[PDB]
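**Student:** Shown below is the structure under consideration.
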Amino acid sequence: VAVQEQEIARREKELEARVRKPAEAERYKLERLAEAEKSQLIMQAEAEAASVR
Amino acid sequence: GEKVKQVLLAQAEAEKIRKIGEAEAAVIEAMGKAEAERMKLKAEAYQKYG
(Lines give C-alpha, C1' and ligand atoms only; values in the text may rest on other atoms or scores of the structure.)
Protein backbone atom coordinates (compact mmCIF):
# COMPACT_ATOMS: atom_id res chain seq x y z
CA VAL A 1 0.00 0.00 0.00
CA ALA A 2 2.84 2.38 0.92
CA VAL A 3 4.51 1.49 -2.45
CA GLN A 4 1.35 2.43 -4.39
CA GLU A 5 0.88 5.57 -2.26
CA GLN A 6 4.13 6.69 -3.98
CA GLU A 7 3.04 5.34 -7.42
CA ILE A 8 0.41 8.16 -7.35
CA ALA A 9 3.08 10.89 -7.02
CA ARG A 10 4.96 9.06 -9.85
CA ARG A 11 2.14 9.05 -12.46
CA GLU A 12 1.38 12.68 -11.54
CA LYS A 13 4.88 13.59 -12.87
CA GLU A 14 5.15 11.04 -15.67
CA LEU A 15 1.78 12.10 -17.15
CA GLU A 16 2.88 15.78 -17.00
CA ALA A 17 5.92 14.99 -19.19
CA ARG A 18 4.34 12.28 -21.42
CA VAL A 19 0.76 13.53 -21.87
CA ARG A 20 0.51 17.26 -21.01
CA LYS A 21 3.78 18.89 -22.12
CA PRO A 22 3.72 17.50 -25.73
CA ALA A 23 0.00 18.35 -26.19
CA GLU A 24 0.86 21.91 -25.05
CA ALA A 25 3.84 21.99 -27.47
CA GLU A 26 1.53 20.86 -30.31
CA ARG A 27 -0.89 23.75 -29.51
CA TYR A 28 1.86 26.36 -29.79
CA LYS A 29 3.08 24.74 -33.05
CA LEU A 30 -0.42 24.76 -34.55
CA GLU A 31 -1.01 28.41 -33.60
CA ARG A 32 2.21 29.93 -34.98
CA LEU A 33 1.99 27.69 -38.07
CA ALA A 34 -1.62 28.87 -38.65
CA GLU A 35 -0.49 32.55 -38.69
CA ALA A 36 1.98 31.65 -41.45
CA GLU A 37 -0.69 29.86 -43.55
CA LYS A 38 -3.01 32.89 -43.13
CA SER A 39 -0.19 35.35 -43.94
CA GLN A 40 0.60 33.50 -47.17
CA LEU A 41 -3.05 33.31 -48.26
CA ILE A 42 -3.71 37.05 -47.66
CA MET A 43 -0.54 37.95 -49.62
CA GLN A 44 -1.55 35.56 -52.42
CA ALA A 45 -5.09 37.02 -52.41
CA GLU A 46 -3.69 40.54 -52.86
CA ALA A 47 -1.49 39.27 -55.73
CA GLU A 48 -4.39 37.58 -57.54
CA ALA A 49 -6.57 40.70 -56.99
CA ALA A 50 -3.86 43.04 -58.36
CA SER A 51 -3.32 40.68 -61.34
CA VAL A 52 -7.08 40.83 -62.15
CA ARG A 53 -7.47 44.63 -61.77
CA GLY B 1 -5.19 24.49 -31.72
CA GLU B 2 -7.98 23.33 -34.04
CA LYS B 3 -10.18 26.40 -33.34
CA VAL B 4 -7.56 29.16 -33.75
CA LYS B 5 -6.31 27.45 -36.94
CA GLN B 6 -9.77 27.10 -38.55
CA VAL B 7 -10.68 30.72 -37.66
CA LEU B 8 -7.41 32.15 -39.06
CA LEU B 9 -7.82 30.27 -42.37
CA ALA B 10 -11.56 31.13 -42.66
CA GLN B 11 -10.54 34.83 -42.45
CA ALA B 12 -8.04 34.19 -45.28
CA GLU B 13 -10.83 32.71 -47.46
CA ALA B 14 -13.03 35.76 -46.70
CA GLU B 15 -10.14 38.19 -47.42
CA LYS B 16 -9.60 36.48 -50.82
CA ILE B 17 -13.30 36.72 -51.79
CA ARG B 18 -13.41 40.44 -50.79
CA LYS B 19 -10.18 41.39 -52.61
CA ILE B 20 -11.21 39.51 -55.76
CA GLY B 21 -14.72 41.06 -55.56
CA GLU B 22 -13.31 44.62 -55.43
CA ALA B 23 -10.81 44.03 -58.27
CA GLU B 24 -13.63 42.57 -60.42
CA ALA B 25 -15.94 45.52 -59.71
CA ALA B 26 -13.22 47.96 -60.88
CA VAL B 27 -12.78 45.97 -64.14
CA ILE B 28 -16.54 45.70 -64.85
CA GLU B 29 -16.89 49.48 -64.28
CA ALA B 30 -13.94 50.39 -66.54
CA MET B 31 -15.07 47.96 -69.27
CA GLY B 32 -18.60 49.47 -69.22
CA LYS B 33 -17.24 53.01 -69.75
CA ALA B 34 -15.08 51.81 -72.69
CA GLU B 35 -18.01 49.87 -74.29
CA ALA B 36 -20.32 52.91 -73.90
CA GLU B 37 -17.75 54.98 -75.88
CA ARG B 38 -18.06 52.39 -78.73
CA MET B 39 -21.85 52.60 -78.72
CA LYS B 40 -21.75 56.44 -78.65
CA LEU B 41 -19.14 56.78 -81.44
CA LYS B 42 -20.80 54.06 -83.60
CA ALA B 43 -24.16 55.86 -83.16
CA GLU B 44 -22.73 59.37 -83.94
CA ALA B 45 -21.20 57.95 -87.15
CA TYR B 46 -24.21 55.79 -88.24
CA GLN B 47 -26.61 58.73 -87.79
CA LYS B 48 -24.87 60.33 -90.88
CA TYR B 49 -25.36 57.35 -93.27
CA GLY B 50 -26.92 58.10 -96.69
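As shown in the C-alpha coordinates, the chain order sets the letters A, B, ...; within each chain, residues go from 1, and ligands are also counted from 1 in the order they appear.
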Residues of chain B were defined as contacting chain A if any atom lay at most 12 Å from it, counting only C-alpha atoms; please report them as JSON, numbers by chain.
**Tutor:** {"B": [1, 2, 3, 4, 5, 6, 7, 8, 9, 10, 11, 12, 13, 14, 15, 16, 17, 18, 19, 20, 21, 22, 23, 24, 25, 26, 27, 28, 29, 30, 31]}
